[PDB]
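# Topology and contacts: notes
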Amino acid sequence: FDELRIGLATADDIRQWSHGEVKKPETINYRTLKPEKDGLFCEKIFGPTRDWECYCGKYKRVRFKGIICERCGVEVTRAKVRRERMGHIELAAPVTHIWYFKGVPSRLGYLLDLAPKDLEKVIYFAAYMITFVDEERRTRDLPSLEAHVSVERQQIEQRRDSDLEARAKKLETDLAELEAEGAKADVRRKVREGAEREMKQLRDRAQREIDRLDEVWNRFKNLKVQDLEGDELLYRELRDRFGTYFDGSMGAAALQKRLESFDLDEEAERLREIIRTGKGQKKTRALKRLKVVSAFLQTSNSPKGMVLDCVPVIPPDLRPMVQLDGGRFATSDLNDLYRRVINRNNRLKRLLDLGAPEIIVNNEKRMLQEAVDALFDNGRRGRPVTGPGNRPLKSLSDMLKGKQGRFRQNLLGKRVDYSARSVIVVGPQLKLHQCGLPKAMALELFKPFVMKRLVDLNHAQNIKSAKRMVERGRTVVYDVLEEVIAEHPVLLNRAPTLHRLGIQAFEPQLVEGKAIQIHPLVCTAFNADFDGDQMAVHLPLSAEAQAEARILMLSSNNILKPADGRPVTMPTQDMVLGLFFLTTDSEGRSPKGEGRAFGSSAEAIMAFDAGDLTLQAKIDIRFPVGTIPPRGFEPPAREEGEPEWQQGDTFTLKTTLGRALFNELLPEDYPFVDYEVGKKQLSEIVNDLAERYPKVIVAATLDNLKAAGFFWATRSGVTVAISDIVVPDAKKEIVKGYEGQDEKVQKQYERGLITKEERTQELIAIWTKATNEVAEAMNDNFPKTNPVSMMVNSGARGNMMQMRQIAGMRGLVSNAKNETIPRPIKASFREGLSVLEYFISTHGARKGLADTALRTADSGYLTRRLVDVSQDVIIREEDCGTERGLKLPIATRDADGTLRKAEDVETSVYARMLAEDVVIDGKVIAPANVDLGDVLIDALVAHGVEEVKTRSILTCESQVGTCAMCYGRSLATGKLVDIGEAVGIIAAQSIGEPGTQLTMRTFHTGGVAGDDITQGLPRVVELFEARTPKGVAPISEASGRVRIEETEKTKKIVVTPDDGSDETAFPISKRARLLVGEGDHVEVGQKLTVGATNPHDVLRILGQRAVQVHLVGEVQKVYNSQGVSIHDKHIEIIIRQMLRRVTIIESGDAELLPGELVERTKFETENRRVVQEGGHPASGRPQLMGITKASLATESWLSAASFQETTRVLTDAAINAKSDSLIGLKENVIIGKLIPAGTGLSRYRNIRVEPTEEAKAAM
DNA sequence: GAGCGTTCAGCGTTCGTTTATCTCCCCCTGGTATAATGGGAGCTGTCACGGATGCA
DNA sequence: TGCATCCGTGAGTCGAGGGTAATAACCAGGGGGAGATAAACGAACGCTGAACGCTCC
Ligand SMILES: [Mg+2]
Ligand SMILES: [Zn+2]
Ligand SMILES: [Zn+2]
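Residues numbered from 1 in each chain as written, not as in the entry; some residues may be left out. Chains lettered and ligands numbered in written order. Part of a larger assembly, values for the part shown. Heavy atoms only, no water. Residues with missing side-chain atoms left out of burial classes, pairs and counts.

Per the deposition metadata, cryo-EM was the technique used to determine this entry, at a resolution of 3.4 Å.

Here it is as structure tokens:
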């Protein structure tokens, strides 16, 4: 397995594969149910239906295999061969592949200079083509053919003379005869009028005969090849009057002749000349055409593969005529489609054999061509072959396409054995690395292991007897089962699996019932609540696989989210509420026994048990040896004339008993914490522990926090009641005052002084102010000790506006299609809405449910496309060779006489390693090649340096993937990233995981469309696809004087650049709403108006570094608007992938095509060779292209095919004949090989293990 | 030797065998002699994006 | 050269489950495999005892 070469299969190649030929539409005898002879399913060609049995019944036995029975010709072998062996159909008349024509023009290519409308006419028997002309003959014998037409021309003139003479005589005779009789007044005039009408008809006929004769002669003189000829009658006149000079034909046979006579090298030369000297769209037509035709000359394969002579047939097992229970049958649709082409081909042979006309044979050839088209791609032309009428028939390409196609349903994602499923429940008594596994569930998973142990322990005699024992479920099995599951991990998994913490290994543990017990800390990583949520269970089998589940995927080595290095295994609903009550100051209750001194922390618990002391009360408490005091307590000490070291001996401390209890959970070396804990400070110490302490201590401490948190949440006494939710007393008055304020506007609208649209905007603003005022009144009313406020202030769950609409008024509600009602909701859910208030509220509620389902769909699509472009980024080098970094602002917005750090320093500059040292006083503070952390960043801001240059993923110069140093330290582990990690897949998941969480839109459009640029997930998708924004704001090229022209038709902005350079004229919309002053200076980087900057022009003018800054900054503001935090390295990896290619312009010396994407590294190599060759280098300019476009233009056709396009990529790969080297990730999942990422690397997988000599010496 | 005692023997003597004849329905093909001479028929509304393809 | 049009592609995740319709119709001939009765050999038996030995008077 080294390369998956693909190309065009020629006619001889198809015959070579075949082990026979299908000659009938027969499938199976209706009575015996056995395959027929020389039809579909035939055993002579495909293989024997039963193992080693032939068709006639001779040679049934297994002995004489590998022979051919002389009776029926069946070769005895295994029945499985039917899945491999394939046949072929011979076609009487050639047909043309539906793929290579009838598609996009990058695959058909205009290889013959014919329009698709032209092709439709010729191959479907509606117009002729002149496949060949004897242009030399025509010149040599020209006077003879000229002599024949000239004498032929004479005859019409002689005939015209006589008919006209008779016409002249006829007019003279009838007028004269009538006038002698004189029967009426005007006999001569009426008949002469009739007579001249007859002359006109004869004269008109004379025009038809001469002009038709003229028309047939002039088509001779334009008898160039590939000339379509629409009029069938005219062709017959050409053909009958003269043969042996022009050769004409119809259909796919004509095309085959044209490709035979093609001289493709000369066509390429003339196409190159047009590219060398051409203008307008004429150059582009030659440019696209060059792409297809050049591929044919370089490749050995001939173009004749377009027109197939023999149709291969799928092996019978892949299109099964399976018996169905109940005596019915089940057949695959390929049989029906294969039946039609066999039927129509067979009839064509009959029609050709006897003498038949052209009309009848053409219709059969037309139907044969249509039948083959339906087989390869049903529905690419007209109506599909519906068969039963209820549904389109499946087709060859239909199996290779879409979400349900072979690629995306049976090669990337398969169903698996040794797997299970069940609902999940919460078990608090578990440890972090433990899960409950139901008895019955585990028994069916571990059935092979239980059977092996049952035999060894002699409870079961043999393998079949062991099988029977477990199926019955005898008592002995359960004892054996607990023995075998121990120390054997199982991989839990929830269904959406957005990010890599979706799959986590656990140590199983048997539990009765039928629901998987799970650990409450790990819920948010799975995103699992306990409404009802089935979770799949997989079992790792081999020694390598289960080793991976213990080390890599365990649930205790995954404390930190890889997105931003934030804790994920301390959720907050109950635990955080408990700890908040436990560590809070007095006055939360009656602080009994406060302001006293206690002998030891034990004695305080004694006082608490008696009830004198309370848990939340300030007290003086002593402290045993070894407990570190606060960091600010280290300089001060007790009063003594001697030096003292209070850091690890006795010390009193002003605190509360609860804080003393809480600290005992933390490890002994940890300094004391004396403040109320909340949620933010709680997350901090878990993050602090993960940095400075080993992994085992972090996992153990969380369990202590879980137990203490749950215990005190019970004792905290949070509840809900009708008297707990207290409505603001002031509220009623506040609402009435606004109503009176409102009503004057209503009054002054009745008199017509204000338009309704202006009134709606002014009322919404008035109501919005009202909601804030009643919120403030309510916030003041509530006491800090009540339940509802306590569980929001603590950060447990909920938000302020949610609490507002339970007690205070809900406020304005968004009407359908983003409008506001003028009459907001005045009642609270406690007070109970009215009927009409409830109806209007539904408009927003249902819309939110429908929209949320859509955002999941789009976020899933965004993640999938991101993964393709972001793969092939693997850490494959310890350290890069280079010095180029990126300059980031550590500190900004510094008020006068003080230094203020940057607001987003964590996501931006943390966990990066300095490209070069930093000197401010002439001395290095932070040396180079040191990753930045809390301590180092503090050093730099204290000394006052305002920027830093950190090495980063963009400027990495690694020939394969990215080095470890440029990526900097990872975030899920807090150490330098390991070699072989797949940073690419990690980055894609991190961007896509909070996509569902975004859900942001303009609150109200205001009645204007286009003023507000795309927000949220559409904006993210727009940024990553390189799409020009909906609201586009132009960019200044350089300095100069700018001014505005307010033309009536449309607005306009014209800027006169300084230094005499060429004028530049910018257009704008009529509602431009610009902001720059008139006749004033402009700079290079500013944007002229409000909107969203176009990423392409920022690349064009500013530079590659600037567009990197722009893209990372733009997408981050979407995320930071909500509250999610993604470290900039994750963004940077994807943006690195977009800038990789380069667009070549003026491709004279590089010798490849102009104006197509080419990767940067190949461009550099080709230029280096050409200057070595003496030729001047070809230029290139950087080009940014979307994640979709970047993914498709990859070297590996197999990975590209497994992406969105599965026809175009297959079609052009066949033309280009691209051998797929199998290096990569997606394509190594298709074949079943080991992915080059992590343990699959050459370096990690090839190691060897031997003991030491001292180990052998002992035993 | 008497009288009967075991056991090859080759030889008949038809019965053993498999192997040769010979009589029968599904299955395929061909043929009807007034005159008869261009389909029914099922649709249709997502959404954005882009690039080919037509045409003023 | 620009503007107008249509065509192709993609659009989440795991759960639950099995059947679809309609019009000249016949002798007439005749082939071709699928099931029904006498001839070639050798093996059970068959009396043929005959031809050998095994004990007994
Ligand atoms: Mg749920
Ligand atoms: Zn056979
Ligand atoms: Zn590097």
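The next thing to look at is the overall build of chain A. Check the secondary structure of chain A and you find 43 helices and 35 strands. For 1259 residues, the compact-globule estimate of 2.2 N^0.38 gives 33 Å, and the C-alpha radius of gyration of chain A, at 42 Å, exceeds that figure by more than 25%. Counting only C-alpha atoms and orienting by the principal axes, one finds that chain A spans roughly 155 × 100 × 80 Å. A separation of at least 24 residues holds for 66% of the contacts in chain A among residues at least 6 apart in sequence. (Helix = DSSP H or I, 4+ residues; strand = E, 2+ residues; numbered from the N terminus. Rg over C-alpha atoms; globule rule 2.2 N^0.38 Å. Contact = heavy atoms within 4.5 Å.)

All of the protein donors around the zinc ion (ligand 3) are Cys 956 (SG), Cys 963 (SG) and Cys 966 (SG); their distances to the metal are 2.4 Å. In primary sequence terms, the donor set of the zinc ion (ligand 3) follows C-x6-C-x2-C. The exposure class assigned to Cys 963 is buried, which follows from its relative accessible area of 0%. (Donors = N, O, S within 2.8 Å, 3.2 Å for Na, K, Ca; no water. Buried < 20%, exposed > 50% of the residue type's maximum accessible area, 1.4 Å probe, protein only.)

As recorded in UniProt, the sites labelled "binding site: Zn(2+) 1" are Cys 54, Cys 56, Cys 69 and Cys 72. The largest pairwise C-alpha distance within this set of annotated residues, which runs over 19 residues, is 8.9 Å, so the set is compact in three dimensions. As for its placement among the helices and strands, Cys 69 is situated in the loop between α1 (11-17) and β2 (88-90). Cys 69 gets classed as buried once you look at its relative accessible area, which sits at 1%. If we skip the residues at most four places from it in the chain, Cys 69 touches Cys 54, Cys 56, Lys 58, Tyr 59 and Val 74. Note on placement: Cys 72 falls in the loop between α1 and β2. Beyond its immediate chain neighbours, meaning those up to four positions away, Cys 72 contacts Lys 37, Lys 44, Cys 54, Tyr 55 and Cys 56. (UniProt positions renumbered as here; feature names shortened; annotations may be inferred.)

The subject of this paragraph is the sheet that holds strand β25 (residues 948-951). Overall, antiparallel pairing links the three strands, which are arranged β23-β25-β24 in an open sheet. Looking at strand neighbours, the two that pair on one side only are β23 (886-888) and β24 (913-914), the edges of this open sheet. Across two bridges, β24 lies against β25 in antiparallel orientation. The residue bridging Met 913 from the neighbouring strand is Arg 951, located in β25. (Pairing = 2+ DSSP bridges.)

Attention now moves to the protein's contact with DNA strand C. Around DNA strand C, 14 residues are found, and the nearest of them are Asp 325, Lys 403, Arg 415, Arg 421 and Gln 1204. Sugar plus phosphate, as a fraction of atoms of DNA strand C within 4 Å of the protein: 68%. Here a phosphate oxygen of DNA strand C and a side-chain polar atom of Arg 415 are 3.2 Å apart. Between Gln 1204 and DNA strand C, the recorded distance is 2.8 Å, taken from a backbone N or O atom to a phosphate oxygen. (Near = heavy atom within 4 Å. Polar contact = N/O pair within 3.5 Å; in protein donor to acceptor, adjacent residues only side chain to side chain.)

Right, let's talk about the packing of helix α23 (residues 731-750) against helix α24 (residues 756-781) for a bit. Packing of α23 against α24 brings their axes to within 10 Å, and their N-to-C directions diverge by 170 degrees. Viewed along their axes, α23 and α24 adopt a mutual orientation that is roughly antiparallel. Where α23 abuts α24, its residues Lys 731, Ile 734, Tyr 738, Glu 739, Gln 741, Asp 742, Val 745, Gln 746 and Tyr 749 lie against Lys 756, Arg 759, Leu 763, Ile 766, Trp 767, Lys 769, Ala 770, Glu 773, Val 774 and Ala 777. Classifying every residue of the contact of α23 with α24 by side-chain character gives 10 nonpolar, two polar and seven charged. (Axes fitted to C-alpha atoms, helices over the stretch in contact; angles between N-to-C directions. Parallel < 35°, antiparallel > 145°, perpendicular 65-115°, else oblique. Nonpolar A, V, L, I, M, F, W, Y, C, P; charged D, E, K, R; others polar.)

Looking now at the protein's contact with DNA strand B. Near DNA strand B you find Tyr 30, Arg 31, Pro 105, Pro 116 and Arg 1027, and these make up its full shell. For DNA strand B, the fraction of protein-proximal atoms (within 4 Å) that sit in sugar or phosphate groups is 100%. In this structure, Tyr 30 approaches DNA strand B through a side-chain N or O atom, which is 3.0 Å from a phosphate oxygen. A distance of 3.2 Å separates a phosphate oxygen of DNA strand B from a polar side-chain atom of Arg 31.

This part covers the coordination of the zinc ion (ligand 2). The coordination sphere of the zinc ion (ligand 2) contains the protein donors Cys 54 (SG), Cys 56 (SG), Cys 69 (SG) and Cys 72 (SG), at a distance range of 2.4 Å. Coordination at the zinc ion (ligand 2) is tetrahedral: its four donor atoms span angles of 95 to 121 degrees at the metal. Here the donor residues for the zinc ion (ligand 2) map to a single chain with the spacing C-x1-C-x12-C-x2-C. Linking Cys 54 in the loop between α1 and β2 with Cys 69 in the loop between α1 and β2, this pair joins segments that are 15 residues apart in sequence. (Tetrahedral: all angles 85-135°; square planar, octahedral: opposite > 155°, others 65-115°.)

This paragraph deals with the side chain of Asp 1149. Tracing the sequence through the fold places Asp 1149 in the loop between β32 (1141-1144) and β33 (1157-1159). Summary of buried charges: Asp 1149 has no salt-bridge partner, and the nearest side chain of opposite charge, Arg 1169, is 8.7 Å away. A distance of 3.1 Å separates a polar side-chain atom of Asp 1149 from the backbone nitrogen of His 1176. (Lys, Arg positive; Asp, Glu negative; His and termini not counted. Salt bridge = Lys/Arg side-chain N within 4 Å of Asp/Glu carboxyl O.)

A cluster of nonpolar side chains, namely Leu 412, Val 1229 and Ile 1235, defines an oily patch on the protein surface of about 190 Å² accessible area. If you trace the backbone, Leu 412 turns up in the loop between α11 (406-410) and β9 (419-426). Of the residues examined, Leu 412 reaches a relative accessible area of 35% and is grouped as partly exposed. (Patch = residues over 30% accessible without salt bridge, like charges linked within 9 Å, V, L, I, M, F, W, Y side chains within 5 Å. Areas by Shrake-Rupley, 256 points an atom, 1.4 Å probe, with all protein chains shown as cover.)

A few words now on unusual backbone geometry. Peptide bonds are trans in most cases, and residues, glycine excluded, mostly fall at negative phi. In this structure, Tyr 59 is a non-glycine residue whose phi angle is positive, near 60 degrees. Along the chain, the position of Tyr 59 falls in the loop between α1 and β2. In the Ramachandran plot, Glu 1146 falls in the positive-phi region, its phi being about 55 degrees despite a non-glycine side chain. Relative to the helices and strands, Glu 1146 is located in the loop between β32 and β33.

The feature "binding site: Zn(2+) 2", as annotated in UniProt, sits at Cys 880, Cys 956, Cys 963 and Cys 966 in this numbering. The greatest C-alpha distance among the residues just named is 7.0 Å, despite their covering 87 residues of sequence, which places them together in space. The residue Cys 956 is located in the loop between β25 and α30 (964-967) in this model. In this structure, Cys 956 is in contact with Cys 880, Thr 962, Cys 963, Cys 966 and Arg 1136, ignoring residues within four places of it in sequence. Within the secondary structure, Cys 966 sits in helix α30.

Here the focus is the environment of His 1004. The residue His 1004 is located in the loop between α32 (995-998) and α33 (1017-1024) in this model. Note: C-alpha distance between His 1004 and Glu 819 (185 residues apart in sequence) is 5.7 Å. Within the structure, the side chain of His 1004 is placed 3.3 Å from the backbone oxygen of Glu 819, a separation counted as a polar contact.

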